[PDB]
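Enquirer: heads up, no residue letters with this:
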Ligand code: HEM
Ligand SMILES: *[C@@H]1O[C@H](CO)[C@@H](O[C@@H]2O[C@H](CO)[C@@H](O)[C@H](O)[C@H]2NC(C)=O)[C@H](O)[C@H]1NC(C)=O
Ligand SMILES: [Ca+2]
Ligand SMILES: [Ca+2]
């Protein structure tokens with residue numbers, strides 16, 4: 001049955017080249033299978049590539065975008081001029097070379113590089129991986145990427161038009177658990193968005209809900225809000241979404257269980273990976289993706305803060321009783 005040249009077993013002969021690009025990415029792009037800045041940049045790239053898709057434009061005669069077609073790489077020259085795509089150039093070039101070297105389509109390569117990057121981060125689910133997207137793309141229309149200064153209504157309209165309900169917008173945001181910013185406030189380069197930028201866990205949902213207390217750098221940056229402690233950056237769209245009535249209750253159910261957040265994230269990401277394609281036209285190669293080490297820490301309210309410091313926004317569900325740490329307030333180092 002399907003034994004790939006190097007003896008691994010797989011569902012289908014189209015999955016065998018993906019064991020080679022797996023080794024190239026882990027050794028080179030991920031520097032020895034690490035969960036550091038390349039993983040974070042790839043997670044931003046899969047969303048900015050997949051979200052250039054608009055049924056609204058199609059419906060009014062315009063090209064609405066091919067979705068998760070690898071257009072951000074193939075037409076990087078037009079797409080990396082978009083406001084939202086700053087700081088992605090060096091990662092787009094690294095990906096272009098791996099894709100030209102193994103003969104895989106750019107849309108498939110981005111989805112693959114996302115599932116492999118997440119396997120290096122403790123706590124991550126095994127994301128579905130499908131191969132078969134055509135390498136031909138057209139440039140994404142501008143203005144389809146949500147910005148950090150947008151209102152929650154604007155973000156829900158855009159995501160909604162792409163096909164996501166408010167609940168799936170909160171689920172998709174589990175990726176800000178492995179995250180930092182470099183261009184919203186350059187004085188505090190790589191400031192994490194939660195206290196564990198290398199662990200895919202619930203902390204992001206807990207910490208954006210705490211009262212904004214600290215200005216982390218010398219001045220405020222683009223769409224920056226006050227954060228709960230030294231070194232953490234809080235962006236305006238994440239603060240608004242945690243608190244708005246349309247999304248506040250789903251953001252609250254995401255704080256207590258890494259298992260529920262993970263399943264929810266995996267399901268939204270699987271949907272987002274096929275925007276612009278018919279998943280029944282693709283071949284399933286999920287089994288090429290390895291397991292992530294498990295995360296054994298339980299959700300906590302960091303540094304001595306208590307439930308009295310989180311701004312409860314869901315008016316029907318009471319807050320989960322989460323553990324507290326007997327700590328002095330943390331100060332976060334920049335994410336690696
Ligand atoms: C509600 C929409 C969202 C907005 C407005 C948004 C906005 C941003 C912004 C402005 C940054 C900081 C970029 C920088 O200056 O370096 C950021 C970082 C990041 N975002 Fe989002 N984001 C959203 C949704 C998502 C989604 C759905 C994913 C992916 C599944 C994602 C993954 C990331 C990651 C991993 C980073 C960290 C990158 C790094 O550390 O270099 N974001 N996001
Ligand atoms: C996918 O399409 C892109 C073109 O859009 C191809 O990329 C080019 O590949 C050649 C050599 O094959 C390079 O010299 C070019 O610089 C690449 N162009 C871009 C824009 O990156 C790529 O080869 C295609 N891949 C496959 C397997 O069809
Ligand atoms: Ca695209
Ligand atoms: Ca985290």
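Expert: Here it is on my side, so go on. Numbers count the residues shown, from 1 in each chain. Ligands and ions are numbered 1, 2, ... in the order given.
Enquirer: ok, which residues in the stretch 101-250 of the chain are in contact with ligand 1?
Expert: 146-148, 155, 172-173, 175-176, 178-184, 235, 237 (Cβ under 6 Å from any ligand atom). Where you see a C-beta, it was placed from the backbone N, CA and C, and this is true even at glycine.
Enquirer: quick one: contacts for the residue lying closest to residue 132 once chain neighbours are set aside?
Expert: Nearest non-adjacent residue to residue 132, counting by Cβ to Cβ, 6 or more residues apart in numbering: residue 282, 3.8 Å away. By Cβ atoms under 8 Å, 6 or more residues apart in numbering, the contact list for residue 282 reads 130, 131, 132, 133, 274.
Enquirer: so of those, which ones are in strands?
Expert: 130, 131 (DSSP state E).
Enquirer: Tabulate the contacts of residue 282 in JSON lines, adding columns for neighbour count and distance to residue 188.
Expert: Formatted as JSON lines, the contacts of residue 282 follow (neighbours: other Cβ atoms under 10 Å; distance: Cβ to Cβ, whole Å):
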{"residue": "130", "neighbour count": "21", "distance to residue 188": "38"}
{"residue": "131", "neighbour count": "21", "distance to residue 188": "39"}
{"residue": "132", "neighbour count": "17", "distance to residue 188": "42"}
{"residue": "133", "neighbour count": "26", "distance to residue 188": "37"}
{"residue": "274", "neighbour count": "21", "distance to residue 188": "36"}
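Enquirer: ok, residues contacting stretch 293-307?
Expert: 122-123, 195, 199-203, 206-207, 210, 228-229, 255-258, 309-310, 319-330.
Enquirer: Endpoints of it, how far apart?
Expert: Counting by Cα to Cα, to the nearest Å, you get 30 Å between the two ends of stretch 293-307.
Enquirer: Okay, buried residues for it please.
Expert: 295, 299, 300, 301, 302, 303, 305 (16 or more other Cβ atoms under 10 Å).
Enquirer: Excluding residues flanking it in the chain, which one is nearest the second one?
Expert: On the basis of Cβ to Cβ, 6+ apart, the spatially nearest residue to residue 299 that is not a chain neighbour turns out to be residue 202, at 4.7 Å.
Enquirer: same deal with residue 269?
Expert: residue 127 (5.7 Å).
Enquirer: Quick check, the one you found in contact with residue 268.
Expert: No. Taking Cβ atoms under 8 Å as the definition, residue 127 is not a contact partner of residue 268, at 10.5 Å.
Enquirer: Run the chain-centre distance for stretch 23-41.
Expert: 16 Å (Cα atoms, centre = their mean, to the nearest Å).
Enquirer: what sits up against that stretch?
Expert: By Cβ under 8 Å, 6+ apart, stretch 23-41 touches 87-88, 91, 94-95, 98, 101-102, 112-113, 116-118, 120-122, 178-180, 190, 197-198, 335-336.
Enquirer: related to what we said a few turns ago, check the contacts of residue 282 and tell me the two furthest apart.
Expert: Greatest spacing in those, by Cβ to Cβ: 131 and 274 (11.7 Å).
Enquirer: ok, residue 64 - contacts?
Expert: By Cβ under 8 Å, 6+ apart, the neighbours of residue 64 are 53, 54, 55, 56, 57, 58, 141.
Enquirer: is it possible to export the residues you listed to TSV including secondary structure, neighbour count and distance to ligand 3?
Expert: Compiled in TSV, the contacts of residue 64 are given as follows (DSSP: H, G, I helix; E, B strand; the rest coil; neighbours: other Cβ atoms under 10 Å; distance: Cβ to the ion, whole Å):
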residue	secondary structure	neighbour count	distance to ligand 3
53	coil	24	7
54	coil	21	11
55	helix	14	14
56	helix	14	16
57	helix	15	13
58	helix	12	14
141	coil	15	10
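Enquirer: Residue 84: neighbour count?
Expert: 18 (other Cβ atoms under 10 Å).
Enquirer: Could you do residue 313 as well?
Expert: 17.
Enquirer: tell me, which of the contacts of residue 64 make contact with ligand 2?
Expert: Okay, of the contacts of residue 64, nothing touches ligand 2 (Cβ under 6 Å from any ligand atom).
Enquirer: circling back: going by neighbour count, which of the residues of the stretch 101-250 of the chain next to ligand 1 are buried?
Expert: Among those, those buried by neighbour count (16+ other Cβ under 10 Å) are 146-148, 155, 172-173, 175-176, 178-182, 184, 235, 237.
Enquirer: Which members of those occur in helices, if any?
Expert: Of the positions in these, 155, 172, 237 sit in helices, assigned by DSSP state H.
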